[PDB]
Number of protein chains: 4
Amino acid sequence: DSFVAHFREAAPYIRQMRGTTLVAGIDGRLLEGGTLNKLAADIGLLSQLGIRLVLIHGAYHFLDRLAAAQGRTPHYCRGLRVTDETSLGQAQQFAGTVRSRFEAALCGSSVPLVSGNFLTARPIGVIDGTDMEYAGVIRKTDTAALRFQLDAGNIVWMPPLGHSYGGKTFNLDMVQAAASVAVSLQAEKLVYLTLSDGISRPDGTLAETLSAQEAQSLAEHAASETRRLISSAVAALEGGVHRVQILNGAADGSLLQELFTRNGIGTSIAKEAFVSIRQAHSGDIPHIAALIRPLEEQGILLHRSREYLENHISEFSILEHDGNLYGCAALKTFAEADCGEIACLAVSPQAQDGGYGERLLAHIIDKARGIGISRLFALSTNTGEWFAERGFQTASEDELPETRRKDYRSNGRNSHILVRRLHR
Amino acid sequence: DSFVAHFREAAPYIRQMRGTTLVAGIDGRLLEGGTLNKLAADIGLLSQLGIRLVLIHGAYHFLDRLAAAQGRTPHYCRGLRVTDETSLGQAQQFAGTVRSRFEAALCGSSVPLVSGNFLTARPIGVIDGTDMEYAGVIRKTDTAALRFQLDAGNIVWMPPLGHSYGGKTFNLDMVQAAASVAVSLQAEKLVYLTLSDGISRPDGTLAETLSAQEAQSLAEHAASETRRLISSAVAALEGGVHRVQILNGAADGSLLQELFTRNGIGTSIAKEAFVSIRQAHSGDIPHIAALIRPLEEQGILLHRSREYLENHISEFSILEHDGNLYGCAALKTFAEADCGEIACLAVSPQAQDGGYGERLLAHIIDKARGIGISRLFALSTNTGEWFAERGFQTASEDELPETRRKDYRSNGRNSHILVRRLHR
Amino acid sequence: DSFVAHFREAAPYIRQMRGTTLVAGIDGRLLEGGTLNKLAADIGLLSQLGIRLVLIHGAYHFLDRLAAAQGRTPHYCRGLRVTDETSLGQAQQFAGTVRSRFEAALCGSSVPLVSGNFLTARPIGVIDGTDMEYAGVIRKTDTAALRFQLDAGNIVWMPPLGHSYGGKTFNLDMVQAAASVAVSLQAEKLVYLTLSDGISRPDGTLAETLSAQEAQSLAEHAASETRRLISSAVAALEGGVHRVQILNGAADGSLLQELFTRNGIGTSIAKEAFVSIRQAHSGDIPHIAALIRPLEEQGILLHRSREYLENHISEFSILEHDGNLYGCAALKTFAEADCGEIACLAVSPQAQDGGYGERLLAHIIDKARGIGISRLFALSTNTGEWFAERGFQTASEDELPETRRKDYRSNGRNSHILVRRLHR
Amino acid sequence: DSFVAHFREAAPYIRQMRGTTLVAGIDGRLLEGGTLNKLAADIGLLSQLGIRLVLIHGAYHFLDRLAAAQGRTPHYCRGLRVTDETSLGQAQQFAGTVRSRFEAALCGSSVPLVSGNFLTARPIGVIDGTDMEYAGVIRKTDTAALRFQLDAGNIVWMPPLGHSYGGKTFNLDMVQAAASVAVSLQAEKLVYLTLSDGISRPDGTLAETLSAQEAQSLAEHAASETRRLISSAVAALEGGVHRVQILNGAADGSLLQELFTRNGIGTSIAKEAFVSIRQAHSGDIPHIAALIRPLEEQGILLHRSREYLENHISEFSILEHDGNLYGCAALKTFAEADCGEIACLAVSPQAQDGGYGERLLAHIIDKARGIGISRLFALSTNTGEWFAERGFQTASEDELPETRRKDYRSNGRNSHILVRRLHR
Ligand SMILES: CC(=O)SCCNC(=O)CCNC(=O)[C@@H](O)C(C)(C)COP(=O)(O)OP(=O)(O)OC[C@H]1O[C@@H](n2cnc3c(N)ncnc32)[C@H](O)[C@@H]1OP(=O)(O)O
Ligand SMILES: CC(=O)SCCNC(=O)CCNC(=O)[C@@H](O)C(C)(C)COP(=O)(O)OP(=O)(O)OC[C@H]1O[C@@H](n2cnc3c(N)ncnc32)[C@H](O)[C@@H]1OP(=O)(O)O
Ligand SMILES: CC(=O)SCCNC(=O)CCNC(=O)[C@@H](O)C(C)(C)COP(=O)(O)OP(=O)(O)OC[C@H]1O[C@@H](n2cnc3c(N)ncnc32)[C@H](O)[C@@H]1OP(=O)(O)O
Ligand SMILES: CC(=O)SCCNC(=O)CCNC(=O)[C@@H](O)C(C)(C)COP(=O)(O)OP(=O)(O)OC[C@H]1O[C@@H](n2cnc3c(N)ncnc32)[C@H](O)[C@@H]1OP(=O)(O)O
């Protein structure tokens, strides 16, 4: 399209991303090519948009491309890399050349860029018999100092090197280090810039959007490298990071396409919290009753009787935690096979505003879908916009299933009626 | 001595140094030896004492120790270094290894250390026919960003590398770069840590304390390397830096001995501002008269007559600028050859508090010294402590030269009498 | 030694002390002598080093030296002082002269010094029949206002006087007031400057370092004055203050020697928290098992069997709280009587980072010492530096007790071996 | 009146006083009586109203009431006080008792009150032969530290004591010290709380409102004590203080009545800047012409001709500085003896907004008054509210002097007409 249409398309994601923190793990290959000026520029822009940036790069591949040309062969283990003194020394060289060239590339074509001693490392030690020598993992990250630079508006640049209190230096694994830094900062987003296009499924298809479970279950059959991504992306989510993303850093302007279109072009991973939602039974009736009574009493929910719940308990879903129930929601069916109706949606006032509402609606929508329903009605007297704001369009008596149009007239509430269309 | 005596000796310099900025130019040799853990520790301490630190290191010697072992020979010019692409690339390697090892050394045996893209460079260009290729000099230093890190309490670490807006990188001369950064920050002190003990004089003697003139005149006969120090130290002073210092970074704990003892152990350089102080003549009498009248009229200065100034004008010194006079001061002599007396010391109220007072006293003391006087009296009614605070001890009528003891009794002012001893 | 050696010796304590708060209770005798210029200077320095200072002085002795010369005799009670209106009035005089002279002494030989109405007092009331009249104790300290002055870098000076909301003034006991102010500020250190050298033991020996228990048990046989110190020093520790210290304010530069040498020269008191550490029994095995399993499973701890723990349960120590166990650690012995080995050291992840690790190592070291062991080995695969950092030096297969060298080869883990020497 | 009417009366002065600084010099007698609780309360309130308070008290009278009861007699000189060591020591006692009791009184019947070492003193030295011993005057006030406490909302309390850098203490004269502190802070108001009702005139009348000149000329015949007030109040004004005030601190709630009523009850002093305003002559015509032309050209001022100014130059006043003119203003008279008219009022755009406008109107009003005019008209097309806002009420053609009503109709401008009444 036109410039304007594209700019307006990006606007909502610009809104979201603003004043948010984003930790980028970057493959060290991308710091050498012509792939460098391009992505320095894209990072520049990210800065220009009020995004707080932390950047970490790896060095494994450079190290190896020096081992190879040297006669030496690299040993990895549990996926990590045995780093001797000489190659630890070469990684400090590499970090100096990559940071300086990223800087030059960042300056010409003035964004404040900063670096410091934020990471303290300790040696991974020995694994399965094998000494990881100078392979480190992060022991203690200085979260305050970093916030402080990011507060100032500075982009933070981190090499894959931590220091120990014995005055030693340890090579860090970029992929797990970026995950750990993101967890410390509670970053809204962790972005891994790799050399592939996201993460594939069994047969060839690039996985757009994945839950942590689904990612988890891809890994059973996936190549070891992408196995390590997912495991680090899973641990990050579990640690607090709202969203992790895998892209191809080599594919021109991929970074921008991911962040600022509904599409994206790589893979995106997110963890739903635990939300036991189960089909109700006669045991739950006093609980639903207690929850729902005061809302009836206030005119928010249609009067009911215990008889109705006894005889209708199979259209009810409940949301529980540690036994106790915090929500419920019903689905009514009708003579018309295309229609459903979500009713008696409620959540404890004390567990309100945490997404329980949304999870119950989702659950009933999947329940409705799974039985052929393509039009979900909601009839509400004081909560219409909650539904309006979640895909429900305004409707009318005459659009309702015949019998419901009946009960609507004779119940007297003059509630607002809404429908949402559900597809294949 | 004991710990306590040493700690109390350091206290006054600790007072001075606190919250003050200090830019250290460091020879890159000192970043490799066992000379590294030692001086990381001393810099640590400096930090611990509330000193704002900027650190810059050179790379010339490392570069050369790579040219030599390569077959290549290094060309310098007007004292600077022709840096080709390959050696520019090696200086980025060097900076990564030196910053990482200084860090490790700084961490073990936690001080906040920071680095960023504060320098923009431009190529020195061509000199006397010779292309300096990638030899840069600083074009624009980001003074705000630096203050901001130093305000936070961070030690700033700078490599000898600036970036251009064409996305190129230029090797910087440490010695002149540290001078330029210090000038930008208006640092109170610029410290060059070298491999010699300060700067020698003609015959062998280490020059403790030098004015910029005196340094300037040593350089006519001095080795080119120390010639370049002095020229950069001179330009720094002229630019605002209150004090520049040359030490031996290799000599264990030299840094600490310089800053925190009256002694020091290297050389220290400072510029007096311009202070035309000349022997008065009959032309100045109305000016002195005008200056001095209102103070007489107030009881601060002994009454006088124009006759006295006419006939006594040769014991008077005046301080001038752009013709106009801002101060004067007399020296009286007596039958006793060991005695003098500073009198009629005065400075315009509008040029007060800038050191003019002090310069006039100094000048009369040199005048007194040069004629064999070893005891300078001052007789003041409302300004005793100005003299007390500058080496004058309390005295009495009976200590005065006989005739002055006479005039003292019969002038009636009951001014306080002070003396200062002056030696060989 | 030399200046440099002394300065480097002080550096680590300078590091510690920086930005830390220190409340000094000062005997009012020390505010009169030649002991005043000396310790104003030392306090000056303390300021110069970034230490936040609160200062409180007493007046009892001055009051008494006025009662005596007056005919009057002073009555104390439960160790405190009955202050009538007239002597309350004289303590306000004393505070004005002592604050003014401390100031003058502080200014000449410029540190920001501040004072205000931070203390509200209430009357101690009546004790054992006796009216303490104008003897107050602190009712409410304005902790915010004080932090605020200390944040500004000001030294706070407090007289032993609080005000009541009835508009009355109450004399405060310096020793207990300094303890209360320190508790409010949660100061890292409380320092009492007295006229003796610390606190003695039964027979003559100056007690260098004491736990609160040990101090507590000295007091059963100690002179009443030092009894009151310890009781106030104990309550301070219990209240949060990390460390309280008793010195001789009269002994020149004692203050500096305490803070900045390993030695010190007075007495120092600290409270260990509660840390039930007991010899394990067959009941603890499932708990240790549960703790230790997942670490085995991860390769951090040597595989074991329940049989081993059943038959080896006597070399195990466990750390408990409210029944539940949070840590364990074993000591192995060998045919060589000089050798031991700490093994199976572990702490719950949820109670990690609170010093439990350290307490278990300490406990096993005392256990090893008490049975003649002078060389403690530790064999760790992924936790060597935890031991390196706590007095363990690197070792080798050949240094191990013969049998352990055996098991080491044939267990296959290629863990790192460390030893620590333990003396008499 | 009623509470409401009084509160509304105070409101406008509350507006003015808010966030403004007020330095109070307080006679030390007022710190002892029942006059203490009363004025602590009134100062309290002042604080409660957002007024930044600095308070300084004297001690002379207490000192003397100790000299008298001792046999000793006090010597003053040029109005100041010879303070020996013993009485310097007693003033430190006095300051401790007065600050403590003011505090108690301030607390009961919680306002933050602060004190520190803001003053450095130097000895007045010797005057007219006489040694002022420990009589000091302020050498350097720490203006930053004080602003900083006042910024925090703290009331600052200062004793009449400064310290020297020789570690000595000097008694300060409250009256001149408060003037010097006020000048440093550029305080909006300096308030001297004495034991009389303001400053009298020749015959008995309390002087309400005085210019610095008028105060100056009262002093030729005034008692020495009030002579010293005026001289210190004059120097303060000249130094920047907008307004100094003399009250009776003993008269209950005088402080409040001064600040918050149009009345006041003591005396108030203010300095007009220099404002050469002189009757114009034929020399000024080109200058007025140049000033006034562009405003005519814009429709702001009635067209004129040079002829009119030539023949009418005697009704013109001009405001000059260094020769150059910055303003002018005319007064027209009419057949009606009660009428005047201010016209052709103008000020250079470059000297606008500094009160020149106001000074010209004032000058013409005095000119009009002095010739019997009781109704000043102003006819303006684009500047009515400037006049509305300065005592002019709206009027109409028919209210104008007959001839002016004529010229008004036939000039065509439909300017707005305003009048101001002027009385005896
Ligand atoms: C068809 C029907 O069943 S009609 C009956 C609907 N149920 C009721 O009205 C019961 C009373 N209300 C509730 O119980 C509400 O908590 C629910 C069920 C609507 C939503 O529960 P939650 O767990 O709080 O839902 P969820 O957390 O997903 O959404 C919370 C958001 O809904 C918004 N919301 C809550 N009530 C309303 C409302 N009455 N109108 C508009 N928005 C609302 C909240 O403000 C909150 O806003 P936010 O996104 O800006 O923070
Ligand atoms: C023996 C004799 O001639 S007696 C006559 C001495 N002359 C007079 O008293 C004339 C009146 N005073 C002056 O003219 C003063 O300016 C002088 C001549 C004493 C000093 O002139 P400056 O150029 O201001 O001297 P300089 O700048 O070196 O020192 C200024 C410092 O002196 C301090 N100083 C100035 N006057 C005095 C004083 N009367 N007492 C104590 N210290 C003083 C100022 O406070 C300033 O203090 P700082 O170091 O804290 O900022
Ligand atoms: C010989 C042997 O038994 S080998 C087996 C050692 N045990 C294990 O490795 C079990 C896994 N690790 C643990 O259980 C760790 O908690 C322990 C036992 C080593 C220490 O427990 P804690 O109660 O946390 O000890 P403590 O609180 O005294 O010390 C905590 C500090 O140790 C540091 N530390 C923890 N693990 C390590 C490690 N693997 N390497 C280096 N330092 C470490 C922590 O970072 C923390 O650092 P800090 O001082 O900068 O805050
Ligand atoms: C009857 C007659 O002579 S009509 C002709 C009046 N003269 C003109 O209009 C000439 C154009 N204006 C001027 O020359 C204006 O500067 C003057 C003469 C009105 C005032 O001159 P100043 O020296 O600026 O007067 P002064 O400093 O006492 O007052 C300045 C204030 O007047 C206010 N003021 C200035 N012009 C106007 C205006 N046109 N209307 C309302 N208020 C105004 C300014 O905003 C300023 O406001 P402040 O008090 O909020 O800061």
Side-chain angles (χ1 to χ4, degrees), chain A residues 36-37 40-41 59 88-121 134 136 139-140 142 144-146 148-149 151-171, chain B residues 36-37 40-41 59 88-121 134 136 139-140 142 144-146 148-149 151-171:
Chain A
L36 181 252
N37 297 320
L88 168 285
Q90 285 169 151
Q92 306 167 329
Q93 288 185 316
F94 181 58
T97 159
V98 141
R99 171 205 211 278
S100 180
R101 291 206 279 84
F102 176 76
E103 185 169 309
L106 193 268
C107 194
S109 268
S110 60
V111 202
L113 177 73
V114 146
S115 201
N117 48 347
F118 312 113
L119 299 184
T120 71
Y134 295 86
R139 186 280 208 47
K140 295 164 52 97
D142 181 342
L146 288 169
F148 175 78
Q149 292 303 148
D151 279 357
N154 300 138
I155 298 153
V156 183
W157 176 274
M158 299 182 160
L161 308 168
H163 294 302
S164 70
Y165 299 138
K168 290 292 195 156
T169 310
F170 297 87
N171 208 48
Chain B
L36 181 252
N37 297 320
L88 168 285
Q90 285 169 151
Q92 306 167 329
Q93 288 185 316
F94 181 58
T97 159
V98 141
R99 171 205 211 278
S100 180
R101 291 206 279 84
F102 176 76
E103 185 169 309
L106 193 268
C107 194
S109 268
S110 60
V111 202
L113 177 73
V114 146
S115 201
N117 48 347
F118 312 113
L119 299 184
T120 71
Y134 295 86
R139 186 280 208 47
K140 295 164 52 97
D142 181 342
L146 288 169
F148 175 78
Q149 292 303 148
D151 279 357
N154 300 138
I155 298 153
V156 183
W157 176 274
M158 299 182 160
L161 308 168
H163 294 302
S164 70
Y165 299 138
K168 290 292 195 156
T169 310
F170 297 87
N171 208 48

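Chain identifiers are assigned alphabetically (A, B, ...) following the order of the sequence lines, protein sequences preceding nucleic acid strands; residue numbering begins at 1 within each chain. Computed over heavy atoms, backbone and side chain alike; hydrogens, waters and symmetry mates excluded.
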Would you kindly say whether B:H163 and B:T169 are connected by a side-chain donor-acceptor distance under 3.5 Å?
->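 The answer is yes; a qualifying pair exists.
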
Minimum side-chain heavy-atom gap B:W157-B:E103 below 4.5 Å = no

Chain A contact via [X] - side chain, backbone, both or neither, heavy atoms under 4.5 Å:
{"X": "B:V111", "result": "backbone"}
{"X": "B:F148", "result": "side chain"}
{"X": "B:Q149", "result": "side chain"}

Winner by heavy-atom pair count (cut-off under 4.5 Å) against chain A, out of B:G96, B:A145, B:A105 = B:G96

Options A:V114, A:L113, A:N37, A:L106, ranked by heavy-atom pairs under 4.5 Å with chain B, top entry = A:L113

Between A:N117, A:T97, A:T120, which residue shows the highest count of heavy-atom pairs closer than 4.5 Å to chain B?
-> A:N117

If you take all heavy atoms of [X] and [Y], which pair is closest and at what distance?
{"X": "A:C107", "Y": "B:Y165", "answer": "SG-CD2, 3.8 Å"}
{"X": "B:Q92", "Y": "A:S100", "answer": "NE2-OG, 2.7 Å"}
{"X": "A:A91", "Y": "A:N171", "answer": "CB-OD1, 3.7 Å"}

Applying a strict 4.5 Å limit to non-hydrogen atoms, the region of A:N154 in contact with chain B is side chain

Output for pair (A:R101 CZ, A:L36 CG), nearest 0.5 Å, gives 5.5 Å

